[PDB]
Amino acid sequence: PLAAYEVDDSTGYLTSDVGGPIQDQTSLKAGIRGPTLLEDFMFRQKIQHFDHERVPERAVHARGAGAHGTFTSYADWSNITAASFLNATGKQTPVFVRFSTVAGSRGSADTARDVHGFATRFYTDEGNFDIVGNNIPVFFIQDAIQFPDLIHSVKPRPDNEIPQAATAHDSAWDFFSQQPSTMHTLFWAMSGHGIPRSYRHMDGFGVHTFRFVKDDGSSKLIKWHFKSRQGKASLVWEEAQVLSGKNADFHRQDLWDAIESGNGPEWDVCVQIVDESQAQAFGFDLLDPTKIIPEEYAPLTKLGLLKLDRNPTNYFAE
Amino acid sequence: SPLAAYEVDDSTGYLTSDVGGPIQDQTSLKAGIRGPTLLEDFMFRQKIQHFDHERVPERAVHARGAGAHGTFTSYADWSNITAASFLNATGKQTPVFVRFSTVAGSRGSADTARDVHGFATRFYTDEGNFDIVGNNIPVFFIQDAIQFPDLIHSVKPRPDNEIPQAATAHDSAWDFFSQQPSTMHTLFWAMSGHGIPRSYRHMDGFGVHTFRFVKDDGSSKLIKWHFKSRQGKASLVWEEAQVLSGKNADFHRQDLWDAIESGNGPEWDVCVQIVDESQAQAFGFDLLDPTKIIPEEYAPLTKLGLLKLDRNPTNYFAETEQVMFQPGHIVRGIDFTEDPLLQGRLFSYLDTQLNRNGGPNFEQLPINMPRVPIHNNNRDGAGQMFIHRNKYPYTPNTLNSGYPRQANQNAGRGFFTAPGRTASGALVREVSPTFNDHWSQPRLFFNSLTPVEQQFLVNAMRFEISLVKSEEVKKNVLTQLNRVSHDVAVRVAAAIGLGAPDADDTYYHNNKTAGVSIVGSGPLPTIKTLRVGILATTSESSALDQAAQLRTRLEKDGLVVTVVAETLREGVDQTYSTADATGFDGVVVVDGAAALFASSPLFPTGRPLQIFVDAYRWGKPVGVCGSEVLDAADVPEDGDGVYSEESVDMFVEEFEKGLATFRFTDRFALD
Amino acid sequence: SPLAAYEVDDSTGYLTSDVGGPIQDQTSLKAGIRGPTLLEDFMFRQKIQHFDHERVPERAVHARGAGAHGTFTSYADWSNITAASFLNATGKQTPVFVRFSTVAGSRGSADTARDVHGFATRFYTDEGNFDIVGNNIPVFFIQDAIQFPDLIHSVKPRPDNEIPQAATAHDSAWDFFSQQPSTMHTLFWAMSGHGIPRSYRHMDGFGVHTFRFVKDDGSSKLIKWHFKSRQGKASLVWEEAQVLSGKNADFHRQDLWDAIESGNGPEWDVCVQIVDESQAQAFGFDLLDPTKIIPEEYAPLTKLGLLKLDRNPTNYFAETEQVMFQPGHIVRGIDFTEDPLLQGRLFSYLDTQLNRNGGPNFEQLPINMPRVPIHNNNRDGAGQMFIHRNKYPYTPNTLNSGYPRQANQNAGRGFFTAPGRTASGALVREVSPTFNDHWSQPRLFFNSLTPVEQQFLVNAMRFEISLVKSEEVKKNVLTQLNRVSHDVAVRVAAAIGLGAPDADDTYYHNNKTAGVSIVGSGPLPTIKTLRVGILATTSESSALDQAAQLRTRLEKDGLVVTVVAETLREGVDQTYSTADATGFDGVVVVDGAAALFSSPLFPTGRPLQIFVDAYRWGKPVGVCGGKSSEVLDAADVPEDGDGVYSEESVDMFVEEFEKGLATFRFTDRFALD
Ligand code: HDD
Ligand code: HDD
Ligand code: HDD
Ligand SMILES: [Ca+2]
Ligand SMILES: [Ca+2]
Ligand SMILES: [Ca+2]
Ligand SMILES: [Ca+2]
Ligand SMILES: [Ca+2]
Ligand SMILES: [Ca+2]
């Protein structure tokens, strides 16, 4: 879907960024054993580019991997939402999804114990729509202003930057025990959901209650749940620890390989739908992101199919 | 110190904004108790904006690393060889900051990846900051700085999928090595135990390039920097390094932190080899070529002073992450050479700090500031922290009386280029033919390793090359290895089911050189800081008693003792669940714990025995204090570095000799 | 200086790099004396890299401006109306920094463009930095912050060619004003002399929005800030402003610099109008609407304290260019209101400093730092200058014993939102109907100007609208002007060859309000710093003697005297070649110089032109020495005219002339419709 921006270098002579044919293997020098010249523009443009290749990693979810795919609607959902990408049976919309851990930096291991991200972009015919979700349906904290507190406590201690990609240190458990809202997500992260077998074997959750709004202005409250068609599976902890050393790229490799072999992963994109009047009807507040609606109270409605079937061409760019 | 002036204490006080207004930061301002958040909540937005902008780009290479403060002390007045002020008096002390690192991995990757390692030292001298930006290996992969992006692209993850992290074990890296034969020398070093050092404290530092020492009289000599570890040389074994990468990605940074906190700050003798300008081509290779060492048999080391690291940072980001080294940070008494790798580095390190810092005033960060006054006409730029009084910042001026004054060889202790340096010839993009021997020195290095050390190197190559998918790349790799040693090519080929090319003896020889072997460098000069795991049990009071007796003795000898049992209690440091052989340099089982080595919901099946067995396999001293345990572990009682004594004092004595030996290499099979 | 700790002295010493290595910086390192420059020349590259990176983005608006340090002194303990610490005791002093500005022009545009002006004040209080980010006009063009990019795109240069600089005199601006009638009130102010103030010292400052004062007991009142100039109100005339833009683009920044250096630092009474919460809609308009003033007849000013600027910056870039104001810099005792213009500003000023500074640690620049300790869990970010000792920067913690502690109404002197504030109703993107009268107050303002002042305003509109190319836009402008005043529309239409639409009297009225007229504000309360040009000649020793005597007499009273002659010598400050009437507030010819009134030393007719321009622009003018007819006749200046002086006696001349300087402008010299 990004073909128009692709650059092919399978043929041709080396050029500068302004199209002048050049070389890039030997510096220009004052004599064969001489000092390098400032007028060597070939050197400086190449090294300046290299010197500036890096960008800041994401503040959270720095470690992750993505793929392209397609979403297909199962129905015309106009009777619950005006959303154009949901307005006809079989309607297809391109997607890009990125999966991730939360705490680790770039280069940390895929198989750290953590909450995982599941972020989906729908490139819809009425604008990009993102559902920026996790593999656990509830969050640690009840107010966004507390996010830097949570994240500072779980990330490495700031004097020595130890430990990488782990909640197994004093500050994280200090925060958890002082901020009891954290208990629900904590129990999830300490279950097998903290060490999924693959990105393909976990679900995605919007976490928050959102609204579906009809063209007539009426609204309903929803929760997003992307239900894996591959099943649910976890690693065991001792296995995850060994994998972190033997293959830090385990989840990104698993996803890459599944797509290359024609086994692109699939999810049913689902919602729980409830009335505005039920905001406090279930024994908790639907505005509270530490709570799930039990499925016994509100069943899942299947809206469409999410399939990832194409790997990126350039990881950095995409 | 700029660092002291900028320390901020938050041990008391009410929360404030960055402009000193007392505030709260725990609940958003809302229109009603269950209402939407207000745009006028400045407390929320200042806090979240800061958080949203916390990250800066990681270093383009050496992103993963850790640092410490210390001191350098000169052994003498070195005026006879250099004008450098920090070297001008016996006992002269200069503060330092050192950062150690890997090369290829991103900032959250494992310390115990196989890689070249950085060793960058800043001397905050009384005549300006002087940086020696070195590595733990004395030779570099390439001969011209313009090739650096090619090398680094090839070793970093493949750019479609960003796989694999922090590893040369992939097609692209070996494609580059096999097409660019200059890489052979550093490749052999990286495939030896030097690619997986036991700690930052158990590796040396090298400037790599030939530099110049310049006297006040203008004369110069050629030098190589070598920082020689006082802790000894030591490596991990590969399988141990792999497990460590998973069990403790922070192993080297933790080791350094802990050594400093315990008053065991690491030391190096800062040394040089010093040779005349006339010897640039006298040793059978070109001193401008960064792929070559000067064998110590040709030029001995002169010890200049002592480097000790003895203080940890207060804030990792502010100090370690933000330190911005440059070989362009040079001082009077030192000069560059025409090494084309060094020449291009000078450009890169000034430029790249713009990417990291986002603005041009990065030398104003406390960790980058000098410890002497700054007088220049640099002005403005984002993040300008100075208020300059001189309103006429141009030269020549009369309106500021000609200040600042020009400094040079004869004024103001100026830096000056060594005045004997010249250039002659065409302006060329050509490689000197004197750089063409890419294979003799790799062979010199290989010859200088012990038999088991040669096996480990062959095995590292077998491991990595077997993961290369391309048959063509693998064949090209054997072609290059064969030019160094036919035997290496044969032994590597055997693992990958290919035939080695016929011997090509052009560069073969039997010469050896001192000081490059880890295995051959003898026992460690100190065992302070080394880690002993005592495997005990809570089920026998006798076991805990035995462990406490061992601890008392071992700890007075400077060892870090961890008592392991099923559950924590007084005297027990670690559970079996969290323990691993990679956490110890030696393992002792107290004989009261024998039953554990024969199931529990408290640790994985067979964990106690696996710790002992792994430690044995990886060559560590292992013992039982107080037959059955050795039988279960299939460990021979009469084995070198296997201890069995009922007497604690006898055991401690023998085990401590084992720790100094460090690795019992007779436990590894040889071709 | 309040920023002395950050000052770097370079009055002695040898050149160093930024890391303290002594170096040189005058010749590049080359391979041979006629050879190519070497890459290893670190001296060259560090110097040129710094130079290459000196610039930062100019401010998105108010890019052209100048600042100074000073002190605020409270007149009382104001705890009866506000908890604010800087206002809590008689005589309490707080350091300030003020920046003044235009709005539309880029850096390097002229100070004397016709524009709204900024007046931004930082109080470095003992409870945090408090900024009042105000303008010299009390009302704003638009009623909702989301419209700001629309307003600013329309007044800034057309984006295909970037023309015209620093001017509303183009189609897009007048298109916007005519389509967005909220603009009328500020437009009338900008077209008055308030758009071309005589100096930053001769204008007032306004917070524009209604804010709240909040007591420690939680009760609140509604306030408007008004900084009233102790120097008086004064404007340029338009033609003079145009010439000044060319002859001295730095006129206002120079005037401020010089007033401070001479010990005439400018002063303002910092005042508020104070009204009850119940009066939000009591005055015939909504106090949440930033296009309305509270007439002083309804709510008098209370003087809170004295603002004096008395110290110039040491480094303009470091201090004036880098100062980053925010209405989010608020302190306990002050709160916001639901004015939708103010509400959106709060977002903009925090975000825009990321663009200017290139990183998130902009509050660490010396000019932005507070004068009290900072305790928080903000961290890292590019350019982090602090080394934080607390290794547990999260709340709630036990590992740092629960510090920093939360501050709020009841503990730690925390900021708190006024607790009486509420919201109710639908979540809406709708404009309150209470905001709908866009025309009554523009008419109130116009009615309050004197006849010649009304003429100047009409003439400013005639000038600008005549430059609008679109006839449809011009018609639309007349439609809006006509809703304020039929007479304004008729008089403007006359210059542009269109007919005014028929009177629409819906919003017409005859009401006036005090304190908005410049022309009617009376003589200046001080003439210190005002500029007198004495036109002399080197041809006659007597003329120079006259000029020296006059200089002595005028300087005694704090006037800034410039003696002009053909060439420089002792006692002569400026040549005729560099002299212009825009450089003076009054012009005196010494009668020994009468013959001057051609040479290779100045343009033909220059001496007379200075005198004639000064007269045309309304300034006091005169001839000292007793013989005046030759000069006055050559200038076509009547000898009996108001603000025209002639005396032999230097003492008697100066006494009369000084009354003229206080009158400042002789408005009888301007024709009326
Ligand atoms: C107030 C701050 C804040 C809060 C409360 C949250 N996040 Fe967030 N999140 C960020 C601030 C943030 C961020 C700093 O803005 C990031 C970093 C990179 C980015 O684009 O946004 C981010 C990244 C980020 C990503 C990575 C997207 C990617 O792959 O590029 C995911 C999946 C999430 N977050 C998911 C969540 C979920 C499911 C949350 C709770 C329901 C949540 N975040 C709360
Ligand atoms: C032409 C480019 C180039 C070349 C040929 C080299 N480097 Fe380099 N090096 C860089 C470009 C660079 C860089 C991109 O400029 C880095 C990234 C971060 C920084 O400050 O500089 C860097 C970082 C860097 C660091 C990390 C410093 C720290 O801890 O912050 C070390 C130790 C080295 N390098 C050492 C070497 C050695 C021993 C080399 C060969 C003798 C070498 N580099 C060649
Ligand atoms: C929503 C956007 C927005 C709106 C509605 C306003 N402004 Fe503003 N203002 C900015 C967005 C902004 C800004 C883009 O954020 C600037 C550019 C530089 C800066 O620091 O903030 C700015 C600068 C700025 C300055 C220059 C401060 C200095 O000297 O550095 C002054 C004096 C004002 N403004 C005054 C006002 C007044 C009196 C307004 C109406 C009552 C107003 N602004 C509305
Ligand atoms: Ca911790
Ligand atoms: Ca499980
Ligand atoms: Ca590859
Ligand atoms: Ca080894
Ligand atoms: Ca236009
Ligand atoms: Ca509050």
Side-chain angles (χ1 to χ4, degrees), chain B residues 6-10 13-16 18-24 31 39-40 42 45 50 53-54 56 128-129 314-315 317-318 328-329 331 336 343 346-347 350 357-360 363 370 372 374-376 378 380-384 386-390 404-408 412-415 423, chain C residues 3 6-10 13-16 18-24 31 39-40 42 45 50 53-54 56 128-129 314-315 317-318 328-329 331 336 346-347 350 357-360 363 370 372 374-376 378 380-384 386-390 404-408 412-415 423:
Chain B
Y6 287 92
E7 279 190 22
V8 170
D9 191 277
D10 289 325
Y14 281 94
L15 191 76
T16 71
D18 290 338
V19 301
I23 57 164
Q24 68 81 58
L39 189 61
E40 72 173 74
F42 71 94
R45 282 184 289 90
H50 253 297
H53 292 260
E54 283 185 10
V56 301
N129 294 350
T314 300
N315 184 269
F317 180 89
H329 293 153
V331 291
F336 308 116
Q343 288 275 311
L346 298 173
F347 170 81
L350 181 66
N357 193 62
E363 302 289 31
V372 293
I374 295 155
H375 295 294
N376 64 46
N378 297 333
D380 308 354
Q384 176 54 252
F386 297 173
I387 301 177
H388 291 86
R389 294 168 53 96
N390 172 26
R405 298 184 64 77
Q406 303 290 296
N408 49 58
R413 310 299 299 162
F415 180 84
Chain C
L3 302 174
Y6 300 97
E7 287 179 16
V8 171
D9 193 84
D10 289 324
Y14 287 91
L15 191 76
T16 70
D18 291 337
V19 301
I23 58 164
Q24 67 83 58
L39 191 59
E40 74 173 72
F42 69 95
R45 283 185 288 90
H50 256 296
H53 290 261
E54 282 186 9
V56 300
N129 292 351
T314 297
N315 186 268
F317 179 89
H329 293 153
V331 293
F336 311 115
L346 300 173
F347 169 81
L350 179 67
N357 195 60
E363 303 285 33
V372 295
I374 298 160
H375 296 297
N376 65 49
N378 296 332
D380 306 356
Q384 178 54 251
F386 301 169
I387 299 177
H388 290 90
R389 301 163 47 78
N390 171 27
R405 281 150 70 143
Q406 300 291 297
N408 49 51
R413 295 284 301 168
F415 181 83

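Every chain is numbered from 1, with letters handed out A, B, ... down the list of sequences. Note: hydrogens, waters and symmetry copies are ignored here, and every other heavy atom, side chains too, is used.
For the set B:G128, B:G381, B:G383, the count of heavy-atom pairs under 4.5 angstrom toward chain C peaks at B:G381. Across C:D9, C:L350, C:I23, the residue that shares the most heavy-atom pairs under 4.5 angstrom with chain B is C:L350. For the set B:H329, B:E40, B:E363, the entry with the most heavy-atom pairs within less than 4.5 Å of chain C is B:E40. Put simply, of C:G328, C:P360, C:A31, C:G358, the one with the most heavy-atom pairs under 4.5 Å next to chain B is C:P360. Of the residues considered (C:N129, C:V331, C:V372, C:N357), C:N129 shows the highest number of contacts with chain B, using heavy-atom pairs under 4.5 Å. By number of non-hydrogen pairs under 4.5 angstrom with chain B, the leading residue of C:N315, C:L3, C:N390 is C:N315. When B:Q343, B:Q24, B:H375 are compared by the number of non-hydrogen pairs under 4.5 Å with chain C, B:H375 comes out ahead.
Using a 4.5 Å heavy-atom cutoff, the side chains of B:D380 and C:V56 are not in contact. Annotation: side chain of B:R45 is in contact with side chain of C:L346 (closest heavy-atom distance under 4.5 Å).
Across B:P22 and C:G412, no two heavy atoms sit closer than the pair CB-O, 3.3 Å. Across every non-hydrogen atom of B:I387 and C:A318, the tightest pair is CG1-CB, 4.3 Å. Between B:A407 and C:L15, the shortest heavy-atom contact is CB-O, 4.1 Å. Across B:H388 and C:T314, no two heavy atoms sit closer than the pair O-CG2, 3.6 Å. Scanning both residues, B:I374 and C:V8, for their nearest heavy atoms gives O-CG1, 4.0 Å. Of all the heavy atoms in C:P370 and B:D18, the pair that sits closest is CD-O, 3.5 Å.
The contact between C:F336 and chain B is made entirely by side chain atoms (from C-beta outward), counting heavy-atom distances below 4.5 Å. Residue contact with chain C, scored on non-hydrogen atoms closer than 4.5 Å, involves the side chain of B:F42 exclusively. Proximity to chain B is limited to the side chain of C:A423, based on heavy atoms less than 4.5 angstrom apart. Contact of C:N408 with chain B is not made at all, since no heavy-atom distance falls under 4.5 Å.
Atom CD of residue B:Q406 and atom OH of residue C:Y14 lie 10.5 Å apart, to the nearest 0.5 angstrom. Atom CD of B:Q384 and atom CD of C:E54 lie 9.5 Å apart (nearest 0.5 Å).
Side-chain atoms of B:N376 come within 3.5 Å of backbone N or O of C:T16 as a donor-acceptor pair.
The 12-atom threshold is exceeded at CZ of B:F386, counting heavy atoms of other residues, nucleotides or ligands nearer than 6.0 Å.
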